[PDB]
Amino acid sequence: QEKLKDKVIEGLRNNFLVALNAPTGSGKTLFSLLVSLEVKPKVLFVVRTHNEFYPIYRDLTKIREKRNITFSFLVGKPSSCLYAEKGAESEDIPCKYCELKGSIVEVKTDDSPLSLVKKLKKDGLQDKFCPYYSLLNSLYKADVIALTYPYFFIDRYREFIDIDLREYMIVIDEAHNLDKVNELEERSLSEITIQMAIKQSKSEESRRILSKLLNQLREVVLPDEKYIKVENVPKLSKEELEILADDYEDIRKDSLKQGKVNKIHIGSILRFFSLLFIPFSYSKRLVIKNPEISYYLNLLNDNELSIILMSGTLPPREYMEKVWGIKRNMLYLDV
């Protein structure tokens, strides 16, 4: 339009969450960066997946000719570690034992995101530095950053980074996608996972405990493709959990000795038992259903955070209040 912008700046300066219904594909990155100047020193774009880094990179290279700004993004350890294979979870990455953990290089973000990451992996192996910690370090300095939904909304991933969100104007584009944040975790335990953990194991005691757990699971689960409540779920004592936990560490040590980090199945199991809640049977698997969508989005109610939501098909005010649980004052602008 013009300068619905002083509206946005005033909105943010009054601690209103700004919800912007905007016709799509219209220089949105430039708009957000301009309105940040007046509000916050840095900008954070929260995006669905790492595939949304590229369009942001494309848009602000145009901006970089008129204004000097640094862009950085975070990809997980599984996408940046020198030794990671497909299937490797972030906690499986054995940085505790790796010589490169404290080996950082200065990153130059004139490359696109996939180009940058591939270059850091190639150079990292030759010149002995860690791509991940190099990206992480570059992230903490940058004027504009971008993170994926898991790193912003999900505790498991949020604990991997050390970032004060109060320094950022937080922009969540395609914000209708926030509706799916409650589908990003799966908190389940299957027969096959346990058996794969038995195969992968490096101690008899761990195999014995995993085997007893496999049996316990079989008594409670039911074959029905239907959620059914379970009384008396399997139990692991503190001392049994100790033995399963040092088995995890032994597999992590061994993997780093090889060039090669794979999925460690016992990690999944131990994380399932951190949550114990009402547990269910679904299709021979034990499941803890995910929280409601408002549990994940509750963070948006903290008045300490300056937040803009934008979308072409933003949900009605009523739905954002009742279903997403946004109870903080909201400046809803239909452009």
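Quick note: we count residues from 1 along the sequence shown, nothing fancier.
- In this entry, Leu276 and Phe277 are separated by 4 to 9 residues of the deposited sequence that lack coordinates.
- Averaged over their C-alpha atoms, the temperature factors of 250-258 and 148-156 are higher for 250-258.
- Judged by mean Cα B factor in the deposited record, 16-24 ranks above the other of 16-24 and 322-330.
- Between the residues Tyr83, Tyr168, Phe71, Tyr227, it is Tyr227 that shows the highest Cα B-factor in the PDB record.
- Among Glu231, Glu91, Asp173, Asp164, the highest C-alpha B-factor recorded in the PDB entry belongs to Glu231.
- When the CA B factors of the chain's modelled residues are split into thirds, the value for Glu292 lands in the highest one.
- Among the modelled residues of its chain, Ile269 has a C-alpha B-factor that falls in the middle third according to the deposited record.
- In the deposited entry, the Cα temperature factor of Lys40 places it in the middle third of its chain's modelled residues.
- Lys141: CA B factor in the middle third of modelled residues in this chain (values from the PDB entry).
- Ranked against the other modelled residues of its chain, the C-alpha B-factor of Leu241 as given in the entry falls in the highest third.
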